[PDB]
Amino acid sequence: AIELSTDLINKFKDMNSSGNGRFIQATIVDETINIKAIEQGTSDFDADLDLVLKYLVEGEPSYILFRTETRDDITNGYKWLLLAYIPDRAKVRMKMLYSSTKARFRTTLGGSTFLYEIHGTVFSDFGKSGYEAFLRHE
């Protein structure tokens, strides 16, 4: 199966333990999930949700590991959101690979890590508006 890259695990654990950034965008490259981009963000979780919209590329699946304001006692870090942008027009092989590989985050980083896993197919499924819409139906 596709595994998280060592670099992605290291950067995640660093951001989780240090609280010193907001999100990591990752894509499947070669045999691994690799860092695509890192957003420092701010102390404002709500404002930072909208920064995701600047990193998504229409029609290209990507993951965003988005740090919440809730601490995780188990890891002495934070709870996260797993945002999976898997647009419907992506080829079936790529949609199946991104959909099936979602589970690798909790298995690799720990079951306490993710408060929510949010599957979206359009940019408007994300940002602050998209998050509030997800919460209304979770």
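Sequential numbering from 1, following the sequence displayed.
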When the Cα temperature factors in the entry are averaged, is it 110-118 or 123-131 that ends up higher?
110-118
Which is higher on mean Cα B factor in this entry, 68-76 or 83-91?
68-76
Highest recorded Cα temperature factor - choice among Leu49, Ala103, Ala26, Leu56
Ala103
What third of its chain's C-alpha B-factors does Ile35 belong to: lowest, middle or highest?
lowest
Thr42 - which third its CA temperature factor falls in, relative to the rest of the chain:
middle
